[PDB]
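Asker: Chains as they are written, first to last, in my numbering: chain P, 978 to 1028; chain H, 164 to 233; chain L, 71 to 502. For each residue, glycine too, the CB sits at the ideal point set by N, CA and C.
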RNA sequence: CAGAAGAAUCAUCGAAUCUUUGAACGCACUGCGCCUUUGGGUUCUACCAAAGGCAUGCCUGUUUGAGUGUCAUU
RNA sequence: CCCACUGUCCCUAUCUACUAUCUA
RNA sequence: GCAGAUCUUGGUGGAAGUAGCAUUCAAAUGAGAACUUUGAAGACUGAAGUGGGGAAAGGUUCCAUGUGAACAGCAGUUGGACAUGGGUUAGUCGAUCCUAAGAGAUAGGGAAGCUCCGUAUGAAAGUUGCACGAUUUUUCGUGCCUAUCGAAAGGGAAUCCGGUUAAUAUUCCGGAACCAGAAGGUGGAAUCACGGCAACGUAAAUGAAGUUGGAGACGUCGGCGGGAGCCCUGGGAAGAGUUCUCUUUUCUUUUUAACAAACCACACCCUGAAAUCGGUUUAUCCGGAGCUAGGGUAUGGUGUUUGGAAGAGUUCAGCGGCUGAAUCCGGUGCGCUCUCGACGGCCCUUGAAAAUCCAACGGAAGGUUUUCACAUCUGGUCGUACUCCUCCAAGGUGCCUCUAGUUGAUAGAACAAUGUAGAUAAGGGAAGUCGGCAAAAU
RNA sequence: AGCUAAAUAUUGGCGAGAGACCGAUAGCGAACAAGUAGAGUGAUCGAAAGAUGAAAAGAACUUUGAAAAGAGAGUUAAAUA
């Protein structure tokens, strides 16, 4: 719809019920979630080796 | 203009103060059209049997200024 | 036309936040609060807080914009600014080592009169008489507190004078109706010009400041009430024809005469009229003198309680001798010895009470609070089920907003209190 | 010409009114704002109207400030 | 240069409209 | 003190009444009609109009009534002339708002100076920049973040139909909608909601500071698909034709708006693991970075059924405004016009900005919230008449015709010579002229 | 480093009184209407135009004509005003 007409729609009608829904795609959301977890593990692994 | 298919809600929206005028249309198909004028929307109802149509004439409140065919 | 910008009118325009009210008046919080004490201003919460807060949700106090705009043109605000200027000139005078110029500055210190504040807050005298009880409660509370570095000695002296003048008026006009005794203090209830006045006087004891209360706030309330009481007392004395203010006997005050120092020279109210009570050195004279003289009874008291006693200990004219001490070595005759609760019970019930029951060393009848009214069913100290359930679980079944839910508190609390104090009479009878 | 009956298209002139502009001064060149106060209407947290305000440089004063500027402070 | 063609020419003639002319 | 100065100003002569400047019939009006009006006939533009609209520009030229003084290379009963009055109606159309290249005041610096340079520049650059607080020695502390002009063709909240004037209509009348903002109220919802493996769905389902994301917002070309209108055409109906006969024939017409309801198909998800390569475009594109196939999800370009809505409009019949009927069923195409979708190239310089709106992360705070439904109210200012770089554009075979618009351009009479233009010509055929220059030949 | 009346100048500004001046192609561009009509995108340029009679008594009325006007008439000392 038009940018001005988007206001009239309900909150649930403009956003998808998921984390980062309505701003990032589901495939991108899955990739972002996976990448963050792996990077966190690498930081945990690197910290243990450095310790 | 919302086409209305529920007689009971047509009755309650007629009793509600928003209703102003009502018109009855008799087309060639022996169908009776109840048009109710509201503040913003014109609600219409199509009935096909005369006895229910007549019964809903007398069920409408007398305060409503109903009118016949135009 | 133009597209109306969201939130440019309505609650967002009518209500103003506290911080925005501060920056609008160019005031500090301490001065904004102080002007809000003197004027009649208070927070107001809107129905839609989020809408009034420009779509935000943080908990923020609101004021009427019209209330704030009324404070833009307040002559007192310019007096707050004049005090800031004077305080800095006093600082420069002392910092430069000019003691005499500091004294001159202190003499011309900017002071402001609360005349127009009282007028614009209370247009008519009866309006003042309505919300005069809170002022009287505080002036009596602070007339017995010790002087602090926060609240001055002049303020304490004025509170005593204003309180004593009002007590003198009530005694003179016999406007007192009821006097009730509680752990908090003494609750007095009088009527003036039809309006009802209820205040509290604490017992004089060497208390300690709680150190958790902000005495800056107490300063502004004391300043407002003292101005309010002064003008009220002036009108009341003019109504009675007494010249205002009544003269102060310095010698009598130096001897702690209490109310006797102030002489009101002219410019069932007779419950105890035919009686001459005597006060021993164990009773609240500051309370007993007030009530007995208000209802016509003549008063004599122990010399150590204050000079100016018209009666002596040996005077046989004494009708009753109030003495709370459980032992009286020099017992008199014809001066029947009672307890203080006898007088106040008589005041509350408007009738003479049983001196035998209130005699020294006897049991004490329970104290009745005249302010407590008889409830619908509360204990005064002195085939159907199917229809019932159907008529009781249909509003909680069918009714839209279930506003019937208020019964869960109105009836519940009243019934629980009624059940407790109704079963109490059963327990006490069983104990007896 | 018509019409009206201290008149007057009179004189004098010390009291007033003086629309939009223009050094032109809220911003622009049909408009767009902000601030203070007051008022209205089938009628009030909305809308509207009215009145008085808001240019720049500088001078005297006032108030409020800033400074790892110059110091004082048992 | 050859061939064809034609009023360019011998040698002009005829037709048509417009122009030209007169009238208000 | 004037005869002269190609003298100055004014007035007036001969030249000189000289040079000169596709209509027809009858009727009406008028003192008067080659020029006005009506009717008939004959012609001209021929959708690229002499057509119908707008921009700029003009200013009342728009309409009605009156006049025939000055205009009229002629005249008028006549003009865009004169006189007198009338005429432009908007919450939805434009401006107003935003920014573009640039311009430009302010800060500072020049310059004797009228002034010039300079546009976040060594500016204390914040319209109430924002929040916090039982009030802080009733003298304010802590924390955070840090110009204006310039587009009536770019961006952008919202309206349609029918009717109506001598002249105005998305504006007025009648009917029907829509947008924005504002508060309460009523009903419903959660105690910071559930379901689905998933893509995601639903009547709702708080979100401070702080941090991001999206729309706006983006080149050009080609082919394909979809829809609408227009064009073509079969019937049905109506009327008007033509009709000795033939011709179930000829011509003309046959409407549904904004808006509101229910339903109606390429990107992704789930099972799946594939080449013996499959699917497939008009144009070979994709596939272990997971094909074909099966089941879903979303996006609905659209289409279906209505409401609006027949009460309107149009066309036929009548009656005296009223009453009847019909306004139907198709078929279609490299058709034209407009738009949307899915591709494929070429790019190169990989393709404005801002206003504005939405969402995410975040977790401050706590009868509350509630992005669900319904009622109620308001919408200012300016342009709007008319005239005219650009819009709309029928059929058949460069012509002809329909729709539409004119029939005016000073007229009449004669047709010698002259001049221009266009033709034909016996015999010869370039003998003409400096010469096949122009014609015919091809 | 500084101030200071009078005598002095004066095509403007507010008024005045005059003249061996000009007498409507003159005198100011403008005696009236004047920086006006008009011209030019603009800066700017820039005219022509005075006289009925003492009084409007400005020609009633009749007639011809569509009208403009004509002819009788009338007003005036005079319409050869």
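Nearest to residue 206/L by alpha carbon, out of 299/L, 462/L and 349/L?
Answerer: 299/L
Asker: Which parts of the segment 260–331 of chain L are runs of the beta strand (DSSP E), unbroken and 3 residues or longer, counting only runs that do not cross its ends?
Answerer: Secondary structure in the segment 260–331 of chain L: the beta strand (DSSP E) runs of 3 residues or longer, each lying completely within the stretch, are 265–271 in chain order.
Asker: Which same chain residues end up closer than 6 Å to residue 993/P when comparing Cβ atoms and leaving out the 5 residues on each side of it in sequence?
Answerer: Contacts found: 999.
Asker: When the Cα atoms are used, what is the spatial distance from residue 90/L to residue 290/L?
Answerer: 23 Å
Asker: Let me confirm a value: residue 983/P is counted as buried when at least 16 other C-beta atoms fall within 10 Å, else exposed. Which label applies?
Answerer: exposed
Asker: Pairing CB atoms from the segment 318–328 of chain L with CB atoms from the segment 388–406 of chain L, are three or more of them under 8 Å?
Answerer: With the cut-off at 8 Å, the segment 318–328 of chain L and the segment 388–406 of chain L do not touch.
Asker: Report back the beta-carbon spacing between residue 141/L and residue 95/L to the nearest angstrom; my notes put them in contact at under 8 Å.
Answerer: Residue 141/L to residue 95/L, Cβ: 6 Å. Contact.
Asker: Measuring CA to CA, which of 82/L, 282/L and 92/L is closest to residue 118/L?
Answerer: 82/L
Asker: Would you mind stating whether residue 348/L and residue 388/L have Cβ atoms separated by less than 9 Å?
Answerer: yes
Asker: Which residue comes first and which comes last in the beta strand (DSSP E) that contains residue 189/H?
Answerer: It spans 184–189 - the beta strand (DSSP E) in which residue 189/H sits, taken as one unbroken run.
Asker: Let me check one thing: in DSSP terms, what residues is residue 209/H bridge-paired to?
Answerer: Residue 209/H is bridged to 196/H.
Asker: Residue 370/L by DSSP, collapsed to three states: which one?
Answerer: strand
Asker: Hey, is the segment 305–325 of chain L in contact with the segment 338–356 of chain L, meaning 3+ C-beta pairs nearer than 8 Å?
Answerer: no
Asker: Is it right to say residue 367/L is buried, meaning 16 or more other beta carbons lie within 10 angstroms of its own, or is it exposed?
Answerer: buried
Asker: Using the rule of at least 16 other Cβ atoms within 10 Å of the residue's Cβ for burial, across every protein chain shown, is residue 133/L buried or exposed?
Answerer: buried
Asker: Would you tell me roughly how many angstroms separate the C-alpha atoms of residue 189/L and residue 143/L, rounded to the nearest one?
Answerer: 16 Å
Asker: Helix, strand or coil, according to DSSP, for residue 73/L in the structure here?
Answerer: coil
Asker: Whether or not the segment 292–312 of chain L and the segment 172–190 of chain L are in contact is what I'm after, with contact meaning three or more pairs of Cβ atoms, one per stretch, closer than 8 Å; do they touch?
Answerer: yes
Asker: I'd like to know if the segment 378–386 of chain L and the segment 262–275 of chain L are in contact, where contact means that at least 3 CB-CB pairs between them fall below 8 Å.
Answerer: no
Asker: Which one of 257/L, 321/L and 441/L has the shortest CA to CA distance from residue 331/L?
Answerer: 321/L
Asker: Buried or exposed: which applies to residue 434/L, given that a residue is buried once 16 or more other Cβ atoms fall within 10 Å of its Cβ?
Answerer: exposed
Asker: Alpha carbon to alpha carbon, how far is residue 353/L from residue 408/L?
Answerer: Roughly 12 Å separates the two Cα atoms.
Asker: Measure from the alpha carbon of residue 443/L to the alpha carbon of each residue in 369/L, 418/L and 483/L, then state which is nearest.
Answerer: Ranking the options by Cα distance to residue 443/L, first place goes to 418/L.
Asker: For residue 193/L, which option in 278/L, 333/L, 359/L and 302/L has the closest C-alpha, if you only look at C-alpha atoms?
Answerer: 302/L
Asker: Cα separation between residue 179/L and residue 114/L?
Answerer: 36 Å
Asker: Less than 6 Å between C-beta atoms, sequence neighbours within five positions excluded: which residues of the same chain meet that for residue 200/H?
Answerer: 183 and 184
Asker: For the structure I just gave you, are there three or more beta carbon pairs, one from the segment 206–220 of chain H and one from the segment 164–175 of chain H, closer than 8 Å?
Answerer: yes
Asker: Tell me where the beta strand (DSSP E) around residue 93/L begins and ends.
Answerer: Here residue 93/L belongs to no beta strand (DSSP E); instead the alpha helix (DSSP H) covers 88–95.
Asker: Bridge partners for residue 248/L per DSSP, in chain order?
Answerer: Partner(s): 259/L.
Asker: How would you call residue 404/L, buried or exposed, if buried means at least 16 neighbouring beta carbons within 10 angstroms?
Answerer: exposed
Asker: State the beta-bridge partners of residue 429/L as determined by DSSP.
Answerer: Partner(s): 408/L.
Asker: Grab me the residues of residue 214/L's own chain with a C-beta within less than 6 Å of its C-beta, minus the 5 sequence neighbours each way, in chain order.
Answerer: 274
Asker: Decide yes or no for the touch test of the segment 355–365 of chain L against the segment 412–432 of chain L: beta carbon pairs closer than 8 Å, at least 3 of them.
Answerer: yes
Asker: How is residue 204/H classed by DSSP in three states: helix, strand or coil?
Answerer: DSSP places residue 204/H in the coil class of the three-state scheme, outside both helix and strand.
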